[PDB]
Every structure is written in C-alpha cells, then in structure tokens.
Amino acid sequence: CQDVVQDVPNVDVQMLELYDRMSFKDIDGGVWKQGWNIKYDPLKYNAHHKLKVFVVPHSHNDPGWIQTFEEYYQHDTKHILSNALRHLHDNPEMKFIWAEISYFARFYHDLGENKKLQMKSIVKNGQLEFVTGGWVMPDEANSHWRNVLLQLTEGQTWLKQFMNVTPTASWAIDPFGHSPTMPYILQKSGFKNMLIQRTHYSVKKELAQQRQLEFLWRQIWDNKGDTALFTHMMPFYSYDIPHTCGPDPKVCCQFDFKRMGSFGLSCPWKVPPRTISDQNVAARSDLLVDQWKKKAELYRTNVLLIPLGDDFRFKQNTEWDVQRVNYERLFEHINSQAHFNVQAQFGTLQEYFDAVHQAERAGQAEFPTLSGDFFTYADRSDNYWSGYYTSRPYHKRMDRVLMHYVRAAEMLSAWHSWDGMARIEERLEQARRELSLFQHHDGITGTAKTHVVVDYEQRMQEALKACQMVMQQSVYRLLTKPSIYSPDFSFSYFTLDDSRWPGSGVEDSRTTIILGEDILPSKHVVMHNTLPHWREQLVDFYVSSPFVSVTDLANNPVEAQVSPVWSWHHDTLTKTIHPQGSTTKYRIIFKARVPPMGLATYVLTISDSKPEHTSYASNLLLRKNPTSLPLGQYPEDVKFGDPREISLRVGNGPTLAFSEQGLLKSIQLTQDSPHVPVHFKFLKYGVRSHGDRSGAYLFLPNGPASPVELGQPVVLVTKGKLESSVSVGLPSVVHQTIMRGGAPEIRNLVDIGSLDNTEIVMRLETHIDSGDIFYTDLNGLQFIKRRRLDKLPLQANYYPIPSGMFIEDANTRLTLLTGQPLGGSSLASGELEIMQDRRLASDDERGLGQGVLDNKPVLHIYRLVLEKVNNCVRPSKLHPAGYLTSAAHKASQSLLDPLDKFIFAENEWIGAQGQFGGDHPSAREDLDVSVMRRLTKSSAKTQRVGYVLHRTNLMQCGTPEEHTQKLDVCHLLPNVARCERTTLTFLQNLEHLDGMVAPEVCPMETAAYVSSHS
Ligand SMILES: C[C@H]1N[C@H](CN[C@@H](CO)c2ccccc2)[C@@H](O)[C@H]1O
Ligand SMILES: *[C@@H]1O[C@H](CO)[C@@H](O)[C@H](O)[C@H]1NC(C)=O
Ligand SMILES: [Zn+2]
C-alpha cells in the first residue's frame, strides 16, 4: 500500500502552489476578453502535418432548472431525441453526443419497438454516443461521493442493459467548479478520459499560456500516479457556440446557424450568421479556419476539439438542417483547399480522445501531471460562485438523510431474495432514481426555480417512504422465527423514528409510544447499525409516561434517562422566544449496542412509579421575568434563575463553559487541563446597494459580517446522567449544545423568517495559531489544504464544506463535522465559520430569473471536536492533504450514518428475536461497507451481491487500538461459489479471486466486489 501521509507527490502543476504564485489580475485581453491576442505560424501545418478538426454536436439538457424534469421532457427533450433519431438515421455522417440518462431512459421506454431498434442501430454504428452515462451531470461541490457513484451506476446500468455500451469518456460542461473526486470515481469505473469547463478565468489563462489545459489528473496524496485520468479543460468563457470555435466570439457567433432570426435568436456582438453559398464559402472558411488555428495554439497535438451546441439545442427539424448543411458546405471547401492543411469532420468525444492518444503514442506530445481542485469558480470579475454552497439548505440536509436511508434500505433487504409480490426492487429503483436526479447541478445546489425545488422535495419524500417500507419489511423478516413469519407485503410492521429529520421545530412527525395499565404494558423497539463494526450510541423515543424502564431481549435491565419534550415558540404577544414543555409526552434515552451491519431488540415497559434503572434530568430556565413550567407527571420540578455563566460535564468527558447568553466559551478536556477558549458567535452578511447583487449562485457581501444583536435571550439547561444540554432562543436560530460524554453535538433550528438580503453565519473564535491555513473536505471523501488569500475578495475564500472542516497549529486542532453541505471559510487565524441560510431579493444574472425567498425552517446538525495533535504523525508542510483523527471520523459517521430506530406497530410481535448479525466480523475502524446491494431478482439460479468497500486514512497519534477481525465480504452470505473484483458500478469483472476471498483495501482506496451464490 502507498503511504498517503509521508511522501509529497511530485507533479508539474499543484493547484494550491499555483494559487500562491498567480496574480489574478482581470485585464482586458482584447476579443478574448480574459486571454490575449493569440498568434500562430501559418507554416506549422502543411501537406505532411495537417490539423485534424472534430466538430462535436451536443445539446445541454438540464433535468430541472426553470421548468421541472417532466415539463422540460414534454416541451423540449422528447422532440430533441425524436428528431435526433430521424436525422442521424437519414444522414450517416452526422454525429451527436448525449449525457443525461434520466431523460434518455424516460424517452426510450415510450418508443415503439421499430424505433427502439433504429435507436440501437445508430448507437452501435457510432453516430449517437453517450458521454459519462450518469443519470445526471452532477454538482461536484455539495454532492457526497457515495451519491455521485449511485447516479453514475444508475445511468450506466441502464445503458448496459438496453444499449449494450459503457462510456469511457466523461463530459462535464456545466458544474460550477470541479472536484478531483470525479477522476477518482471514474478511473475506478473503467474511464480513460474526461472533459471539464467551468474553472476560474485566471486559471484558464495561466494554463493556456503553458499549454497545460490537457493534463494527467491524479489525487493529491498519490505519489505513484496510479489514480491518474487524462483530462481536457476547455479554454474559454462558455460551452456555447460563440465561445467554442476560437477566441473571438463576434466571429464564432456567425457560425451558430440557429441565430439568423426565424428561431428568435441573434448575436449580441451585432454581426449575424449568413447562409454559406459558393460565393462566400472561401471568405467564411478563411475566418473560421483562422479561429480554429488560434484555438489549436493552446494545445499540444494536431487534433482539435470543436463542440457545437448549447442548452436544449437540436430540437426543430429545420435546426438540424440549418446546422448540418452549412457545416457540410464549409467542410467540403476547407478539406479540398490544400493551402489550409486542415481535415475537418463531424465527430464524437471518444473519437477526439482516441486521435489525441494516437498522436501521443506517435511521440508528438507529452502531457503534464496535475493535482488539486478547481474551487472556487469565478466566470468574470469578482463574481465568485460560493453562494450555492448554501442556497436552499433544507434540501441540502434532506440529501444526506435520503443518502443514508437508501444505503440502509439496500443493505437490510440484500440479506434475502424476495418474491416479486413484495415490490422490493420496484421501491428501491424509485428511491435510487429520485436521489440520483437531485444530484443534478441545479438540484442539490439550490439554484432552481421555486416550483422546481418543490418537485425535487416531493420526489425525495416519496423516496424516503419507499426506503421506510423496504427497511421495515426487512427487519420483520430478519427478526421473526422462520416458521412463524407471515408477511403481508403492504402492511406496516414497524414505523421508523428519526430524531433529527425533519427535526424538532420543523415538523411534528414522530409517533409517541403509548403505554398504560389499561391499554398496553410494553413495546418492542429495534435498532439497525449499517456500519461494519459493533457500535454503541444513545437513542431516544417519545413515550406517554415518565415511568418507563428498558430491558434487552434477555431481560437484562438497561440504564435509562427520562427528560421532558421541549418545544420553542416565537411568542408574538410577549415578543420573546421561549420553551414550552409537554405535560403528556416525555423522552426516554438509553445506550443501544448493535452488531456490525446488524439489529438489536429492546423492550420499554411502564410501571406505576419511578423504576430502579431510570433517572430523571433536572431543568433550569434562565431568564428575567419567568413564569411557571408544569410538566405533568415528570418527577422533578423546573428551576428558574437570572441569566448567568454555567459549566457542565457528562461522564468523564470534557467540561464545557457557556456565556450568560447560552453560547460556548471554553472547553476543558480533562480534570487537570486548561479551559481552552472556543467561542460560538452568530453574525450576518448583507448585499451591495450598488453594483452586482448576491443571488442563488453568487456570494457578493457588502463587507465583513456584523454581529447579530442578541438582546437578553432565554436559556434552557437540562442536566442528566446520560445526556445534558444548553439551548438558547436567538433571533432566527434556536442554538443547542448537547453533551453525551464525548465531543458535543451542535443543533441549530434556523428560521431566517422575513429578513431579506441577509446571510446568517455561525463562527467559532479560538486562539489556535493557524495563520492563513485551514482544511475542508471534497465530497465527504478527502480533506484538502486551503490557504486564505488576501489578494482575493472575501467570497473567493469561501469553499464547500460537504462534511467537515478544521484548523490546527503545532499542538491543537478544532474540527467541525456537518450533517449537511454548507459554505464556509477561516477568514482570520484561529477562526472557522459556516453559513446557515441566506435570503436574497435579487436575481444574479445567471439565468434563474428570481431571488431566493422560499426559505423554510431547517435543523442543521454538527459535532465539535477539540483535540491535542502534538503527538500525531502529520504530513509535511508541503503536502496538499490533511487527515482526520479517529474521534473526528467517528463523529462524522454519527452524523451521516446513525443507528436507525424502529417501533413495532401492533400490540404483540409473535416470534420476535433479540439480535441479528452477532456473528458478522467487526472490521477495523477506518474501513466501511459503503454499499451492499443484491444485483439479481429471485428467479436467477445464481444469486449475486455487490459490495463497495472504502478505507479512509486516520492519523497515528499514539493510541494502540488493536484486535479487530478481517472482513471478507464475499463470505457474508452462505454458499459462495465465486468472488470477483469489479469496477465500482459492478458492470465489469476485473479479477477472479482465489479462495473466493475479497481482500481488504489500502488507505484512501475504494474497491468493489461481487459474490455469486448457488
Ligand atoms: C446553471 C445554469 N447554467 C446553464 C446556463 N446556460 C446558458 C446558455 O448557454 C443560459 C441559458 C438561459 C439563461 C441564461 C444563460 C444552465 O444549463 C443551468 O444549469
Ligand atoms: C454487445 O456488445 C458486444 C461487444 O463486445 C458484442 O460482442 C455483443 O454481441 C453485443 N450484444 C448485442 C449485439 O446485444
Ligand atoms: Zn446546466
């Protein structure tokens, strides 16, 4: 295994180093506004060395943006695809590329058999070629790597089944900035080439000057280069026709034949296209070939890529004709005029890359190596696209909840083969497709119109209901004696209980377990653990009495804590934000212990008085002018007091001190250690009154943030043996710090209300001497080093925080893990900050046509980990990566993949069992089974089950941490007959495994295996 910590890779371009050296001046470069006047030697190309030009027709189809997916399919995409089939069938030399498989599958299934056969023929003969082949062209900033793989697999599995092809070239022309997580996943899924477009205009200028726009993109920790993927970066401002034929858009626009008038389009540079004739073909070819030779100067081979397309193009039959016939006249002239030394033709993306590598093998070019990312993107001036790292935060959090429910539903139902009548495959396919659709670059990014955001929410709600159904039918089958098991596949045997989604204060969705001497004395509950190691975690349920005790299924008592159910209200009469307690529902909390990828059953029983093994929390309400707070049967009366500083400690854990406003002030790790200053603060950013305005994509603050005026907020303190917390009602945010014995959990109920043109940020202030360095993650896969640059504006120093961020000095580290992707930065030494929500009245000129005024309450969750790191073996100063400690990685897993909770729905569960999975191996803490999925239906003689195994890399800081068991996924199901290593999409077998044993992977590696069973 390669050492991902101690060896700094040697690459030609390292993006953090490039950023430190570049000036980023925005000067007028001439007709190529952000470049320079390109010059070329006409003698470079000649009879023995011609320029080969591939014009590649394409149509960018967004799966929702200004219209919903179905509205665009009906108004535009079904006509584009129907006319592509007719035109390619009738014109054998015409070509076309297609990226979004969600639309293609929606079209194909509605076609008659004759047309399905015609479509398969133009794919088999190479005229219509699929690029990437994912369900969508995903966002690369907020998306989790697990969902980028899920949508890639959904589209490529459909393509293999119905079109018999698997793309090896990727096309990503519209995501707002680019992530190395893409070549990581693509290279492990059979790809050989990829293309990107939206990178900072200063970066395109710098790389073009050095002819470094084509490069071997490897991971930042990869010393050997085995992760490398050939990448082509487009050079200009847009992927549209005016910015794809060459450097001068006033010239290129004249070669977009849809812009002469009858289609309602024109050229903003004021010179229109003109129909090619025998009297003007020579002068038009002279202008076009000059643009092509200028573009060719920016690259190393004699093969040139010329995309020809735009949004929802190639719709009308007349449009197909106007572009094809005019280009065919240009090619016939150009290719017959020897003085140009050019051979031009329509081509596909794979054809371009195959010709580039033929040139490389002929020794005509060598390519540079590169590592790093391409965030944060700016397309012009100071217009940095960091706003979408936060826009529509409710749906960003919903993405992570659904991510976990799809994993748990596929894993729980994979253990058995299911009758078709159970509709398991049907519900899982719907769930995978709705979550895959939301990975689109106007979905999770929060950049679609209001009614489109509603469509994505409705689709994800249906996906959550599908997951719940599959999960609860699976738990009933896994924990019921086989000869008693009697399923009704439409029945609800268990209901899921989720404490953090939609969350307290967002939706009253949780069911109370109703017990009573005159109705039901007890209730079974079951916990599932999707991770491959034994896990303990506190769990809570709402119950109708405080006198409840817990037992495991051997009837052993389990220690429990009961607390009140508190809800916060904006009292429009007293003009205060304060908590009200329930006098009939209570929370019971206890530690559940669950096997690796397994289930554990517990029982809740009522008694007439306080049970021996259940304790009750105390509650203290701090505010001036208090009024009584009755709690029905709860045995401890609420106490009151004026605001004051307070300190709390649960278990042997850290001791936390809070200000009289209920915000963290310091953390003391041990009995003896110092009280380290760690302060939470809420602030607000505004919008500029003149110039460009912030919107769904852009963050254009009117200066540094100003503190939110807090007034004298109401603070609630609950102190218990197993769990304690401090909660405070601040303007727009109910802020809560929860302690269970380790790093605290932070929850913010954020309601920006009617505060227009405001962005609310949560900042941490410390005295850690971090200087200008901080770390953020990429897609929940890896941590990359960031350097704050004062030569760039505040918004350029904002980066995506898809799952975590940290700052450190020689001795101390502060890590903030998140349960949802948000935007953030470190704007000064010792600080971390992350945006909570943003409400904007204006549109930001990127096509959305509205502001963001549809905010709704959202419950954000986090873990805050303060640690000493002086003993950890860390990368050297020049290494571009960082790595988490064991405690920080487990804290991230507690947020993204918590235990699942099920409440038995009827009065008596006949045949109930106590545990499932006690014999599953408990794997080392850095290893995860990211995906477990049965790949065959019940009628297959040979069953197949696929697994994706990921190992992260944790710092060695002196903790022995030993004895774990080897995890061989191929022997998790009985009667294994074969074990194969496959691509990550499970579509190609790469290795037949000896002894049917699947080896574990190396740190930072991801592998896929399929076991076959007789
Ligand atoms: C974020 C947005 N980027 C693309 C914008 N496309 C351009 C035309 O090339 C456009 C289309 C419509 C209005 C303004 C600008 C869209 O595909 C969408 O995903
Ligand atoms: C699918 O493609 C393969 C390419 O290896 C070909 O050999 C096979 O016959 C194809 N099957 C069809 C035509 O469905
Ligand atoms: Zn788009």
# chains A, B, ... in the order shown; residues from 1 in each chain; ligands from 1
call {"tool": "closest_atom_pairs", "arguments": {"of": "chain A", "to": "ligand 3", "cutoff": "7 Å", "atoms": "only C-alpha atoms and all ligand atoms", "output": "CSV"}}
result
residue,atom,partner,partner_atom_place_in_ligand_line,distance
A:60,CA,ligand 3,1 (Zn),6.5
A:61,CA,ligand 3,1 (Zn),6.8
A:62,CA,ligand 3,1 (Zn),5.0
A:174,CA,ligand 3,1 (Zn),5.1
A:441,CA,ligand 3,1 (Zn),6.4
A:442,CA,ligand 3,1 (Zn),7.0
call {"tool": "write_last_selection", "arguments": {"atoms": "C-alpha atoms", "output": "tab-separated table (two decimals), in the first residue's frame"}}
result
chain	number	residue	atom	x	y	z
A	60	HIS	CA	-27.22	20.51	-22.80
A	61	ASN	CA	-30.43	19.21	-21.15
A	62	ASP	CA	-30.92	20.23	-17.52
A	174	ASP	CA	-21.75	22.96	-16.57
A	441	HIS	CA	-26.15	20.83	-10.84
A	442	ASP	CA	-29.39	22.82	-10.31
call {"tool": "residues_around", "arguments": {"residues": "residue A:317", "least_positions_apart": "2", "cutoff": "10 Å", "atoms": "only C-alpha atoms", "output": "number ranges by chain"}}
result
A: 79-80, 82-84, 86-87, 314-315, 319-322
call {"tool": "select_by_dssp", "arguments": {"residues": "stretch 759-995 of chain A", "states": "strand (DSSP E)", "output": "PyMOL selection string"}}
result
chain A and resi 759-766+773-778+782-787+799-801+804-808+812-818+822-825+831-839+858-868+881-882+900-904+915-916+927-934+943-951+976-982+989-992
call {"tool": "atom_distance", "arguments": {"atom1": "atom CA of residue A:413", "atom2": "atom CA of residue A:914"}}
result
18.5 Å
call {"tool": "residues_near_ligand", "arguments": {"ligand": "ligand 2", "cutoff": "9 Å", "atoms": "only C-alpha atoms and all ligand atoms", "output": "list in words"}}
result
residues 124, 160, 161, 162, 163, 164 and 165 of chain A
call {"tool": "atom_distance", "arguments": {"atom1": "atom CA of residue A:628", "atom2": "atom CA of residue A:659"}}
result
23.9 Å
